[PDB]
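Engineer: Requesting a structural model of the entry that follows:
(chains A, B and C, ligands or ions: 5)
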Amino acid sequence: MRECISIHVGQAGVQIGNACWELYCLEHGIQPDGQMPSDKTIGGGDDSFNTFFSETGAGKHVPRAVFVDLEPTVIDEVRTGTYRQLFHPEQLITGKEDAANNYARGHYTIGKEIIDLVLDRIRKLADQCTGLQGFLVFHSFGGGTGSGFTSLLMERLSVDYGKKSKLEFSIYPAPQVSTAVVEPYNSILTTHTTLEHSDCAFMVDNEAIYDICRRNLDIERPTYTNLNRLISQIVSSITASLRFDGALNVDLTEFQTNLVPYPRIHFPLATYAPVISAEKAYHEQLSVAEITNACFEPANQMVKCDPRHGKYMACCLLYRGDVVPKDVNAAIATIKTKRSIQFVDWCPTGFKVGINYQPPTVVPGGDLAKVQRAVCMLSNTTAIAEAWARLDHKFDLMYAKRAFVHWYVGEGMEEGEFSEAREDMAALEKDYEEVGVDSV
Amino acid sequence: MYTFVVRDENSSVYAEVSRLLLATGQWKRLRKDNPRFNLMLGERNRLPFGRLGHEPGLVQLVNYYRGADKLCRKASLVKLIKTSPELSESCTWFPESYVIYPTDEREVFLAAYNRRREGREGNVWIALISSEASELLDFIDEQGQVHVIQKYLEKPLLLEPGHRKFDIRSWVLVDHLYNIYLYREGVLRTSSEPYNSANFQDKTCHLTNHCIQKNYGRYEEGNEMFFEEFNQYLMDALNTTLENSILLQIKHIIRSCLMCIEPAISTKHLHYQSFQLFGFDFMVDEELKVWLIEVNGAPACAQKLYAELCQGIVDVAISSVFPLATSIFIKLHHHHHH
Amino acid sequence: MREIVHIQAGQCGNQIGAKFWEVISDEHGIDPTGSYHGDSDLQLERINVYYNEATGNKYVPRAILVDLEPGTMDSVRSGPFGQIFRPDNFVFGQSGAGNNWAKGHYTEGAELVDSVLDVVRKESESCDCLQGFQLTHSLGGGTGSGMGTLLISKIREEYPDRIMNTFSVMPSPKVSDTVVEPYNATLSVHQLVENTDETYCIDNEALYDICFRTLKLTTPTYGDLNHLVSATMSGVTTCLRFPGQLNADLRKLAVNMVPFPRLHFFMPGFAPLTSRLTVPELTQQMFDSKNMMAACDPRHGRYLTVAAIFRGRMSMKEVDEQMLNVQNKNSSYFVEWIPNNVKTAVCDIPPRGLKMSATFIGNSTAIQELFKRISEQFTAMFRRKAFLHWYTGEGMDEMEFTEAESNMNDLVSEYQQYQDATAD
Ligand SMILES: Nc1nc2c(ncn2[C@@H]2O[C@H](COP(=O)(O)OP(=O)(O)OP(=O)(O)O)[C@@H](O)[C@H]2O)c(=O)[nH]1
Ligand SMILES: Nc1ncnc2c1ncn2[C@@H]1O[C@H](COP(=O)(O)OP(=O)(O)CP(=O)(O)O)[C@@H](O)[C@H]1O
Ligand SMILES: Nc1nc2c(ncn2[C@@H]2O[C@H](COP(=O)(O)OP(=O)(O)O)[C@@H](O)[C@H]2O)c(=O)[nH]1
Ligand SMILES: [Ca+2]
Ligand SMILES: [Mg+2]
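Structural biologist: Numbers count the residues shown, from 1 in each chain, chains lettered A, B, ... in the order given. Ligands and ions are numbered 1, 2, ... in the order given. Provided below are the atomic coordinates:
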């Protein structure tokens, strides 16, 4: 038991969902029809993969997932695509008309028309769980559904499920692939509304993923397909603790204990290595020390910010593949001998480590080299606040003139909600300042 | 008591600045070779920048930016505009220009020139003015030192009554912090004798220098139209403003030129500080498109405006650094996100 | 699907309307009988945006043809794509406009308006998910201007949360001698600033000047002007018609382009200009005054928002680089207080005749030059009350001309206000 339910909201959440589930099926030996030959218990079980897949009596392994979008196009491609037999039609929920990059439409106008239906379908997955752990919510900050609908849903999930765990994977906007001038508004609005309802949120900077694809995979003009395949690997590394068992595996809840020192300070920085093309991986083993040291290079981060100018409050390492304790221990002892990393004075300078022996998988026809061993570091740095500051500045530039505000007011929102949302963000930036000041 | 030295006696602008500083009672002029100065009003040529900022217990300031000559020499400006990716070779506001040495880009000039002959389009250029290539190249080999062949604006904006050419002088002050200050008063230096499509011999209708204009003075005093009167002309005759039709483009051009060289000339982390007054020369065409002609490193002011500008220079360039015991400048700054 | 309902009103509206339908039918592989004989599935994927699917695998334009003169609508039926239109979508009057706005808006057009609404209703009522409405018209005449804006007002009453989009052709003395047009334009703009979400300003002044100066046409014809109007119309609707990420429907466009509700008048552009290139050239021409369909110099104000659509097989990396390039080199002409206000879309399918093209949609404060020009011509003949009796006769007070003059100058002041505003 310890079931997790994944909720994928809006285009970004949905398209990242596809890549994640595809990748999970490959990692567990599950076919596109849901059959999994290696699983000898037909109809159910309490194996580690059952945190994410339920089972039918016919041997079908079904994702514990809902896909929601206020518009049918993106989910229609899941309904007719390679993995259509994996999902029950009731898990794929669509409306007619989207939120038009407007939080207000996603939260209120359009969103309210489909919210009870979504809770209904979530409830059906919840009632098949013997010991539900919580939820993983995938969504963009920028979109109207991603921002506005996700917020509404998170609020409703707090009411219907108490303090049951809610984790976010949030796509942070970048100008190279953004489709809306108002994305800064939607980001601030959803972050304000969602902050009390989320236990842990992993921000994924599209600009960061865009640069990794250009620099490390030699991809000229990365598309969503390029970005999502890389994002998938990082998500897989994080959920691997839940989906696999192993003597040295540390559960994602244990990492959370270390990562969240105060309720609001729940945004860990993820860093992944190695990201390398097949052509470069040929005749090139990267050792444990090498991939570990790569976790401290900012170019490998999922968010653009500089932890060398901040302070650490936690540092977790999630290894997978051919990795043994001796090498991890030596690699980390070098790091602390060398310094390069400063902790705040109220936090001990530890490194919480997990290892899953099953090596990383890649999707056929992709860009990543299949390597023997990978690592995802989850750190809690004051630096992550840089990302809030960059968005908060863009917000202020527009809001001082009230630019685009009439689109939100026209759907029922008040200016009070904007200034309240922005003050909460100012408070969050101050919190990140305060935790990094030395104690008296 | 702050101290200064005057090392260019010919500068009308800084003669007034020294006068204003002495009048304050808190500045004292020293003799030109006394090195224990706060402010150097420097010479135009061979200014000893290497000697500045090596006097303990004195903050030192000078009225020139070392390396600002790259903007202010005609052959350097062309080269700067051609080689800097920020301005590029496809800069829309600088007339198509080529550097030409006497007995280099003469081969590249002739190619673009002899394309325009076949194209059946206006093919007048300037060093001075002629439409055939022979007279220009022959004038330079004979004339002397390095020269610039630049595209001559066939269709200028012409004032009425009188059908006259003009250029616009804008004064720009760059302070020690690299703030760019456009003085709110500029000036049109007008031709008085009517403009002529065919008559390139007579170079009083074609060249609008306050000296070369010598009829004269008919339409305005000393061939100087100021911005209030010129704004009114634009409103009456063309149904537009100076601000909208011309001044946005001037602002853009100035800010682009000075931002491009900022890394090469800023004194931000230097042992001495610089400020400098520039004079940008602009040409307006009949479509109300602005073009840069030149940047002058040691400009003079127009008689009416001296007192106000020079007191501005003291307030924002000198007294910002050396404080004593309504703003005439527009600060040029723009940070568009992309 | 996301369906749009097209409406074309008056002589100009129906002319440019007809050519719009010729061009996009060509692009989507639709012949005049309404059958698909194209080479690509990308032509059909979003065909339902503009076409109803009838029996026998046929496609009918969701278009409503309107005029107070019955003559102009005979010429449409006689046209190359005339047979494709739905016969009972033709709604025609008797008298004709007489280039009198009041006739179009209050009297003659008012009598006809319910008949148009009946057809609009029947198209709208059988839509899976209606985006909104697209009206082609001129502002200088009487039907397109006066009845067209009445239409707009009446459709808002019944579809108040739908997007109202116009292609509004502006008058120029260089194209038409009719002295009254400044009135018709000012009274129309008065309507459009209140009751549309997005208006493409198609300026005959600009279309004439492009033909005379740049294309070197000595006596430009309405057909020469409309070659530019149709290319503009194909370009600005590309994102609505083909699969894409950016500005893919009318509301998403409006949200990207309209920071203030009244400031919804766009300044389209196109490269290359032709009569009947590299990405850096397309990118430079797009932002240069020569290529604008409104007689405004963008260097005389600032862009609030911009959409740039590149059509053809080109490098997406090169476009990204050039679009950054143009923003850096022209930074002063983009408002600093709306970050990331220029968006870029690349559609692989090029338009007919060209191997690569670029379409520009700008919300510039420079558009005030257009409105000031109209305002000067209006106030020339309104101080002396020339030809007021044409409108007073139909029942209009003189005060409605003052209100409309004042609102159009309010709009001018507002563009200037946001032109002069800083981040500080
Ligand atoms: N990494 C990644 N980002 C995406 C993807 N799709 C969209 N985005 C980003 O998400 C933001 C736009 O939000 P969407 O998720 O498309 O919008 P939505 O949630 O569908 O909301 P509406 O369309 O407004 O109803 C922008 O920042 C895009 O760059 C994707 O597949 N992968
Ligand atoms: N490309 C061009 N088109 C039109 N006019 C031009 C021009 N280049 C120069 N001129 C005219 O010539 C005048 C003076 O030229 P410019 O300002 O380039 O040299 P200058 O002022 O440094 C002369 P000097 O160095 O002897 O003082 C300008 O005011 C302008 O009217
Ligand atoms: N560009 C263009 N302008 C047109 C066309 N037809 C008419 N006009 C202009 O439209 C105005 C007259 O409006 P019109 O459509 O003839 O009036 P209505 O039919 O009574 O609405 C004038 O300013 C004309 O210059 C056309 O086909 N193309
Ligand atoms: Ca089982
Ligand atoms: Mg969407």
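Engineer: what about the residue of the stretch 301-440 of chain A found nearest ligand 1, neighbour count?
Structural biologist: Nearest residue of the stretch 301-440 of chain A to ligand 1: residue A:302, at 10.7 Å (CB to the nearest ligand atom). Yep, even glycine has a C-beta here, placed from its N, CA and C like the rest. When neighbours are counted by other CB atoms under 10 Å in any protein chain shown, residue A:302 registers 24.
Engineer: now for the helix or strand containing residue C:4, which elements pack on it?
Structural biologist: Using DSSP states H and E, residue C:4 sits in strand C:3-9. Strand C:3-9 sits against helix C:10-28, strand C:63-67, helix C:108-125, strand C:130-138, helix C:148-158, with contacts defined as 3 or more CB pairs under 8 Å, 6 or more residues apart in numbering or on different chains; DSSP states H and E.
Engineer: what residues are up against the residue of the stretch 301-440 of chain A closest to ligand 1?
Structural biologist: With contact set as CB atoms under 8 Å, 6 or more residues apart in numbering or on different chains, residue A:302 has these partners: A:202, A:203, A:204, A:205, A:208, A:209, A:234, A:269, A:270, A:271, A:272.
Engineer: Next step: those restricted to strands.
Structural biologist: Among the contacts of residue A:302, the residues falling in strands (DSSP state E) are A:202, A:203, A:204, A:205, A:269, A:270, A:271, A:272.
Engineer: Between which two of the residues you listed is the distance greatest?
Structural biologist: Maximum pairwise distance among the ones in strands among the contacts of residue A:302 (CB to CB): 13.8 Å, between A:203 and A:272.
Engineer: which residues does the closest residue to residue B:262 other than its chain neighbours contact?
Structural biologist: Distances taken as CB to CB, 6 or more residues apart in numbering or on different chains place residue B:178 nearest to residue B:262, at 5.9 Å, with adjacent residues excluded. Neighbouring residues of residue B:178 by CB under 8 Å, 6+ apart: B:258, B:262, B:266, B:268.
Engineer: helices and strands around the longest helix seen in chain B, which ones?
Structural biologist: For chain B, the longest helix by residue count, based on DSSP state H, is helix B:248-265. In terms of contacts (3+ CB pairs under 8 Å, 6+ apart), helix B:248-265 is packed against helix B:69-72, strand B:166-174, strand B:180-183, strand B:276-284, strand B:290-296.
Engineer: For the residue of the stretch 301-424 of chain C found nearest chain B, list the residues it contacts.
Structural biologist: Residue nearest to chain B within the stretch 301-424 of chain C: residue C:339 (3.2 Å; CB to the nearest CB). Going by CB under 8 Å, 6+ apart, residue C:339 touches A:184, A:394, A:397, A:398, B:336, B:337, B:338.
Engineer: just to confirm, which helix or strand has the most far-flung residue of chain A relative to its centre in it?
Structural biologist: Distance from the C-alpha centroid of chain A, by CA atoms, centre = their mean, peaks at residue A:440 (36.1 Å). Under DSSP H and E, no helix or strand contains residue A:440.
Engineer: what about the helices in the stretch 201-350 of chain A?
Structural biologist: A:206-217, A:224-243, A:252-259, A:278-281, A:288-294, A:325-338 (DSSP state H, counting those that start in this stretch).
Engineer: thinking residue B:141 is in contact with residue B:102, fair?
Structural biologist: Yes: contact criterion CB atoms under 8 Å: residue B:141 and residue B:102 qualify, at 4.7 Å.
Engineer: so when I look at residue B:141, I'm seeing a helix, right?
Structural biologist: Yes: per DSSP: H, G, I helix; E, B strand; the rest coil, residue B:141 lies within a helix segment.
Engineer: Then residue B:110 would be within a helix, right?
Structural biologist: Yes: applying three-state DSSP, one finds residue B:110 inside a helix.
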